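Reading through the structure tokens given below for one structure.
Just so it is clear, none of the values below were taken in a lab; they were calculated from the coordinates. Backbone-built Cβ (ideal geometry, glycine too); neighbour counts: all protein chains shown.
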RNA sequence: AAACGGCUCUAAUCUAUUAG
DNA sequence: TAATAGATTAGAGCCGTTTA
Ligand SMILES: [Mg+2]
């Protein structure tokens with residue numbers, strides 16, 4: 001089970017960008033089921049397979065495939081069960097207009113079994129690390145810090161966040177929950193709801209279809225009926241429409257895949273991946289912090 | 001009859017400042033932002049794994065087709081899209097021939113010895129894991 | 001100063017589109033039929049009047065079609081006219097077609113190899129008619145051309161669309177929620193979930209919307225109990241959050257109401273002639289085979305057959321009150337061998353569900369969910385929940401409806 | 001059975017003869033015989049170049 | 001572990017209450 | 001400590017490749 005994560009972790013100390021490919025992936029036809037068609041039928045997606053592998057290989061070799069289109073540091077943070085470990089992934093725009101998307105590492109440990117929240121010290125450490133990274137990349141503190149996670153934030157950890165952020169900087173806490181049961185269909189067409197539609201419930205909570213039918217691709221990013229992601233602004237002050245726009249933008253930077261877009265903001269997904277990598281093996285002091293060593 | 005708002009599709013930048021929504025179509029049309037000159041591919045795995053990776057890297061050069069080319073675009077070919085060379089004849093090979101720990105250790109120490117001792121540079125190591 | 005590209009349109013559409021878009025990117029005026037949304041006279045005018053190069057794509061289907069052959073013929077006539085040997089540049093792209101079996105009219109020309117690494121072929125084309133003096137690069141033109149014709153056929157349009165959801169609103173609640181002071185009439189070790197009406201053990205009280213004398217058949221000590229001991233709480237204040245007292249908080253009271261809704265709907269399916277199967281967190285309710293006319297409700301199939309197994313559409317209900325009083329039914333597929341007996345193994349059920357949902361899409365899912373909910377309904381536009389002898393929970397048959405100002409043209 | 005098209009300077013680009021030739025090639029494709037349409041070139045000024053694609 | 005999804009399964013925690 | 005819910009959360013597998 002844990003070959004990929006352990007292998008990627010043990011190479012973190014001596015930073016070596018690596019890509020794991022299975023023989024059943026590169027040459028899927030050779031491996032049948034002893035009865036017929038191969039285990040991994042990639043015939044319909046062979047071009048897509050080549051696309052994705054090529055994109056991954058170009059990214060891990062120091063290539064920047066596509067950018068995004070300021071002053072906002074998007075901090076997607078995710079907890080992993082082990083004690084729980086919080087691992088972040090930051091993305092922001094510099095004065096050079098080149099999106100910086102590396103991921104904040106050095107996971108912060110909450111010893112409580114089921115508390116998917118940070119203690120004040122760990123929260124201060126995480127926010128200081130993110131703010132200092134933004135300052136060193138941009139020569140100034142961020143105008144907004146868009147902290148988002150798959151969990152809600154308690155008052156004490158958000159109070160630590162607010163105590164540790166400097167002045168004239170506003171931070172907004174966003175919870176993106178998947179598989180919330182709102183299967184919203186289309187009574188007219190035979191195809192699912194077009195991607196990008198958002199059901200704004202209140203000023204702080206809403207549903208978003210980051211995935212679904214796209215006119216440009218003339219089909220769906222997802223089988224069946226799309227599952228909307230629930231965006232709740234449980235902490236901070238921000239417009240719900242702006243938050244939805246930002247989440248849709250973050251759904252674009254999946255450099256691990258060559259797909260039009262993914263159902264979740266990519267900061268959360270990449271933070272999850274580096275969290276698996278970190279928690280796979282022993283502790284690493286100042287881990288590499290660049291995605292090509294994790295994804 | 002609750003209002004469903006629309007959020008405009010964000011455009012991801014590409015080479016020459018050309019913005020397109022689809023990463024695949026934008027990559028094929030214009031290309032990546034920065035021009036790495038090539039991939040010094042390094043491969044750790046079995047000889048059969050090396051053969052499989054080399055055959056697939058040969059196939060990558062020629063354009064390949066999806067079954068439905070409009071729902072999911074074609075791959076023009078690695079040099080056609082990215083503008084950098086990734087041939088299969090320029091591969092640094094590392095032959096191989098609690099179980100999880102030692103199985104990871106095999107590929108791991110192969111990679112570390114190759115990155116440490118070997119003179120030939122590798123930009124990214126393609127671990128061809130058997131099945 | 002145009003670069004004419006001739007090809008077999010359906011077979012070589014992708015290659016021609018890529019090459020033409022690139023060439024327009026580098027700053028070369030390019031003419032192709034797939035780049036334009038009679039026509040043949042325009043083709044002749046462009047070929048004879050102001051084209052510099054004539055590229056012909058040479059796949060195995062680009063040499064046996066009449067149209068490509070005759071544009072190549074007019075091209076060679078113009079080639080002999082200009083007295084320029086550099087007019088017709090073949091572009092062989094197919095591995096199956098060798099440098100033999102190729103048309104006489106194009107057999108003698110020096111082709112450019114696109115068989116491998118289209119980038120090398122494009123580089124050969126570029127350094128070919130760069131020193132061949134064929135007449136600034138502006139990739140924005142290529143992006144625009146990609147958007148106008150390759151993209152405009154399908155895009156986001158200002159079209160109104162209407163949507164059915166998973167959310168079925170709760171039309172009406174029982175007005176008063178009743179806590180019963182059941183010290184000794186209710187055994188402490190008795191399970192309140194098997195009571196004939198939904199019941200929670202809250203603060204030693206018996207949370208229910210039901211009257212104090214419903215729990216008689218299986219709880220006979222509860223008779224002769226004073227109704228003043230019961231605390232009756234306005235459900236409207238619970239929903240609006242007005243009721244927040246030291247006795248009971250608003251959120252926990254709403255949690256009790258949601259537990260009541262879920263349990264009552266569970267017993268409703270218990271009496272609704274619908275079978276149940278155990279999921280991880282909830283129960284899935286599906287119709288057995290043969291319990292519907294031609295395996296259909298109205299005109300929507302809810303039970304069918306695939307590869308010696310049978311599938312039953314199933315629903316799993318759970319209420320919530322945050323946006324409004326409304327439950328969210330969930331759509332599942334439950335598999336069986338003979339349609340009446342369940343498959344015990346869960347992995348085979350999962351594989352069968354992933355097989356069956358492969359061909360199901362928005363229309364099928366929505367029609368099956370709506371058919372199921374209208375099937376369980378007693379009232380024409382509502383479903384009854386027996387939470388009290390005189391009190392009931394009304395669930396709207398029509399789920400919450402939505403509408404959007406932007407949509408797409410449905411391809412079919 | 002056969003379709004002889006006059007191929008003079010005026011008779012190879014006029015609209016009516018062009019449409020008749022177009023439907024002629026359509027029925028030729030339907031009949032699957034290459035021995036259908038016959039151009040009769042009569043005009044000294046009109047060379048074998050500059051002639052219509054559909055008959056070239 | 002090319003990948004993204006749809007599901008299926010399991011566990012934990014926080015609340016409120018009841019029995020230890 | 002055990003239980004009964006509802007709400008949040010997290011982990012695993014597992015199948016299909018997005019109706020032309
Ligand atoms: Mg990957």
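So how compact is chain D: Cα radius of gyration and Dmax in angstrom?
11.2, 34
Largest first and in whole Å, give the semi-axes of the range C:49-119's equivalent ellipsoid, each being the square root of 5 times a Cα gyration tensor eigenvalue. List each step's numbers first, then the result.
Values: eigenvalues 88, 37, 21 Å².
Semi-axis lengths for the range C:49-119 are 21, 14, 10 Å.
Taking the alpha-carbon centroid of each part, what is the distance from the range B:63-131 to the range C:112-167 in angstrom?
After rounding, the separation between the Cα centres reads 29 Å.
Calculate the length of the line joining the C-alpha centroid of the range C:1-69 to that of the range C:350-412, in whole Å.
Computed from Cα coordinates, the inter-centre distance equals 51 Å.
Just to be sure I understand: if I project the alpha-carbon convex hull of the range C:175-233 onto a plane and average over all orientations, what area do I get in nm²?
Numbers: hull surface 14.7 nm².
Projected area, direction-averaged: 3.7 nm².
Using only the Cα atoms, what convex hull volume per residue in Å³ does the range C:264-411 have?
Values: hull volume 22.7 nm³, N = 148.
Convex hull of Cα atoms, per residue: 153 Å³.
Please rank C:138, A:246, fewest neighbouring Cβ atoms within 10 Å first, as an exposure proxy. Spell out each step's value before the answer.
Details: C:138 13, A:246 23.
So the ranking, lowest neighbour count to highest, is C:138, A:246.
Using the scaling law 2.2 N^0.38 Å as the reference, what is the normalised Cα Rg of chain B?
Working it through for chain B, the quotient is 1.40.
Please compute the Cα-Cα pair-distance distribution of the range A:59-127 with 10 Å bins starting at 0, giving whole percents from short to long.
19, 40, 26, 15, 1
Quick one: if you stick a label point 7 Å off each Cα along the C-beta vector at residue A:152 and residue C:203, how many nm between them?
Label-label distance for residue A:152 and residue C:203, simple model: 2.2 nm.
Would you mind giving the average projected area, over all directions, of the Cα convex hull of chain A in nm² with one decimal? Mind dumping the intermediate values first?
Numbers: hull surface 69.9 nm².
So the Cα hull casts an average projection of 17.5 nm².
Quick one: C:234, A:24, fewest Cβ neighbours within 10 Å first, how do they rank? Each step should come with its number before you reach the end.
Details: C:234 13, A:24 18.
In order of increasing Cβ crowding within 10 Å: C:234, A:24.
Of all beta bridges DSSP finds with both residues in chain B, what is the antiparallel percent, to the nearest 5?
Working: 3 of 13 bridges.
Roughly 25 percent of the DSSP beta bridges within chain B come out antiparallel.
Considering Cα pairs under 8 angstrom that are at least six residues apart, work out the relative contact order of the range C:224-287 and quote it in whole percent. Walk me through the intermediate numbers first.
Values: 28 pairs, mean separation 9.9, N = 64.
For the range C:224-287, the relative contact order is 15 percent.
What value in Å³ per residue do you get for the convex hull of the alpha-carbon atoms in the range A:170-269?
Numbers: hull volume 10.4 nm³, N = 100.
So the per-residue hull volume is 104 Å³.
Provide the FRET efficiency to the nearest 0.05 for the residue A:223-residue C:29 pair, computing r from the beta carbons and using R0 = 41 Å.
Numbers: r = 44 Å, r/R0 = 1.06.
Efficiency, from the Cβ-Cβ distance: 0.40.
Normalise the Debye intensity by I(0) for chain C, one equal point scatterer per Cα, no solvent, then take log10 at q = 0.07, 0.10, 0.13 Å⁻¹ and round to two decimals.
So the normalised log intensities are -0.61, -0.80, -1.05.
Limiting things to C-alpha atoms, what are the Rg and the maximum Cα-Cα separation (Dmax) for the range C:108-222, in angstroms?
Here Rg and the maximum Cα pair distance are 38.8, 106 Å.
Can you give the Kirkwood hydrodynamic radius of the protein assembly as shown from its Cα pairs, in Å with one decimal?
Numbers: mean 1/r = 0.0310 Å⁻¹.
The answer is 32.3 Å.
Which whole-number percent gives the relative contact order of the range C:289-358, counting Cα pairs below 8 Å spaced six or more residues apart?
Details: 85 pairs, mean separation 15.9, N = 70.
Reported relative contact order: 23 percent.
Using a 7 Å offset from the Cα along the Cα-to-Cβ direction at both residue C:345 and residue C:271, what is the distance between the two label points in nm, to one decimal?
4.0 nm
Rounded to whole Å and sorted largest first, list the principal axis extents of the Cα atoms in the range A:1-100.
That works out to 57, 37, 25 Å along the principal axes.
Could you give me the radius of gyration and the Dmax of the range A:112-180, taking only the C-alpha atoms into account and expressing both in angstrom?
Looking at the range A:112-180, its Cα Rg and Dmax stand at 12.9, 40 Å.
Can you work out the base-10 log of I(q)/I(0) for the range A:93-148 at q = 0.19, 0.31 1/Å, using the Debye formula on its C-alpha atoms alone?
One equal scatterer on each Cα of the range A:93-148 leads to -0.75, -1.39.
Arrange A:48, C:81 by Cβ neighbour counts within 10 Å, fewest through most, would you?
On the way: A:48 23, C:81 13.
Ordered from fewest to most neighbouring Cβ atoms within 10 Å, A:48, C:81 come out as C:81, A:48.
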